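Taking it in order: structure first as C-alpha cells, then the write-up.
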Protein chains: 2
Amino acid sequence: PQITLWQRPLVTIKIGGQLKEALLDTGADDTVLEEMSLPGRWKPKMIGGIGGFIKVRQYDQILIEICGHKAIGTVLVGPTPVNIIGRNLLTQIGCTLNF
Amino acid sequence: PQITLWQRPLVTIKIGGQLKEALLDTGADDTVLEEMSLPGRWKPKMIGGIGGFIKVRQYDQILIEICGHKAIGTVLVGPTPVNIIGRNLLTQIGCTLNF
Ligand SMILES: O=C(N[C@H]1c2ccccc2C[C@H]1O)[C@H](OCc1cccc(F)c1F)[C@H](O)[C@@H](O)[C@@H](OCc1cccc(F)c1F)C(=O)N[C@H]1c2ccccc2C[C@H]1O
C-alpha cells in the first residue's frame, strides 16, 4: 500500500499473538516496542534519540507481522514513547520512501 | 525518486542559503535542524522523542528545498543530534511510504 504522511504513519502489528499499533519510522535504525514480554534471552543495548539515550532489551529472531507482512528480526523493548518499526524491519517488508 | 531503507535516508537540503544533510524521518511530526540562524521571530517549544524532550526555537513560514523540491513550513532549531525532515515538510514534497 501507499501511505501518505499528513498523519502519523501508524499501522497495526501483531507480535506475541497480540495486536498493537506502531509507527513506521524511517528515522529509526531499529525497532523498539513498549515494555512487554518476549521469549528467550536478551542482550543490552543503548539507543539514542532526539532527547538522549534509553536502555532497551534486545531480542533476536522475533516474529512480527506488520500490516499483514510477516517479518522475523531484532526487536528492542524499553521505555520508548511509542511502538516504533525501524529500518531493520521496514527493509524486510520492502518499504521505500517515494516522491 | 525511490529511496530504499538499507541505509539512513539522508538527503541534501537547502535552507537559508546553506546546504545541509538531513534525514527523511517519517517518525518525526516536525522538522528540526541543528543550531543555526534563521530570519524572523521565533517561539520556544519543547519536543519529545526517545530519551526525552529538548527545547527548540520554532520558526514559521520557512522555505526549504529538499532534493530540488521547494517546500514551506515550520522549522524548529535546537540541540538535535541530526537534522530531521519531518512529516510537516515531507507531505509538501509528496513523499509517501510504499510497500
Ligand atoms: O530517534 C530516532 N532514531 C533513533 C532510534 C529509534 C528507535 C530505535 C533505534 C534508534 C536509533 C536512532 O535511529 C529518530 O529521530 C532522528 C534521529 C536519527 C538518528 C540518530 C538520532 F539521535 C535521532 F534523533 C525518530 O524518527 C524520531 O525522530 C522519532 O521517534 C519516534 C517517536 C514518534 C512519536 C512520538 C515520540 F515521543 C517518539 F520517540 C521522534 O522523536 N519523533 C518526535 C519528533 C522529532 C522531530 C521533531 C518533533 C517531534 C515530535 C515527535 O514526532
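We did not get these values from a lab; they are worked out from the coordinates using the rules stated. Neighbour counts run over all protein chains shown; Cβ positions are idealised from the backbone, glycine included.
Considering each of B:14, B:45, B:55 in turn, give the residue that is near the ligand (Cβ under 10 Å from one of its atoms), assigned to a strand (DSSP E or B) and charged (D, E, K, R). Of B:14, B:45, B:55, the one residue that is near the ligand (Cβ under 10 Å from one of its atoms), assigned to a strand (DSSP E or B) and charged (D, E, K, R) is B:45. Scanning region A:32-70 for residues that are touching a residue at least 40 places away in the same chain (Cβ under 8 Å) and hydroxyl-bearing (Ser, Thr, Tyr) yields nothing. Any residue that is out of contact with any helix residue (DSSP H, G or I) (no Cβ under 6 Å at 6 or more places or on another chain), surrounded by fewer than 18 Cβ atoms within 10 Å (Cβ to Cβ) and of a type in the set (A, V, I, L, M) - is there at least one of those in region A:69-77? The answer is yes, given that some residue of region A:69-77 is out of contact with any helix residue (DSSP H, G or I) (no Cβ under 6 Å at 6 or more places or on another chain), surrounded by fewer than 18 Cβ atoms within 10 Å (Cβ to Cβ) and of a type in the set (A, V, I, L, M). If only residues of region A:14-37 that are among the aliphatic types (A, V, I, L, M) and under 10 Å from the mean Cα position of the chain (by Cα) are counted, the one that is nearest to residue B:10 (Cα to Cα) is A:28. Restricting region B:10-33 to residues that are hydrophobic (A, V, I, L, M, F, W, C) and more than 10 Å from chain A (Cβ to nearest Cβ), the residue that is surrounded by the most Cβ atoms within 10 Å (Cβ to Cβ) is B:33.
Residues are listed down the side, and each one gets a yes or a no for (1) of a type in the set (A, V, I, L, M); (2) out of contact with any helix residue (DSSP H, G or I) (no Cβ under 7 Å at 6 or more places or on another chain):
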| site | (1), (2) |
| --- | --- |
| A:3 | yes, yes |
| A:9 | no, yes |
| A:17 | no, yes |
| A:31 | no, no |
| A:48 | no, yes |
| A:52 | no, yes |
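In region B:67-92, which residues are over 19 Å from residue B:42 (Cβ atoms), touching a strand residue (DSSP E or B) at 6+ places or on another chain (Cβ under 6 Å) and within 9 Å of the ligand (Cβ to nearest atom)? Scanning region B:67-92 gives a single hit, B:82. Counting only residues that are within 14 Å of chain B (Cβ to nearest Cβ) and farther than 27 Å from residue B:96 by Cβ, region A:36-66 holds 9 of them. Only residues that are in contact with an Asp or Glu (Cβ under 9 Å, 6 or more places away or on another chain) and not aliphatic (A, V, I, L, M) were counted across region B:58-75, and they come to 3. Name every residue in region B:58-80 that is within 18 Å of residue B:27 (Cα to Cα) and assigned to a strand (DSSP E or B), in order of residue number. Result: B:66, B:73, B:74, B:75, B:76, B:77. Applying the criterion of being in contact (Cβ under 8 Å) with a residue 12 or more places away in the chain and in a strand (DSSP E or B) to the residues of region A:19-31, the residue that is nearest to the ligand (Cβ to nearest atom) is A:23.
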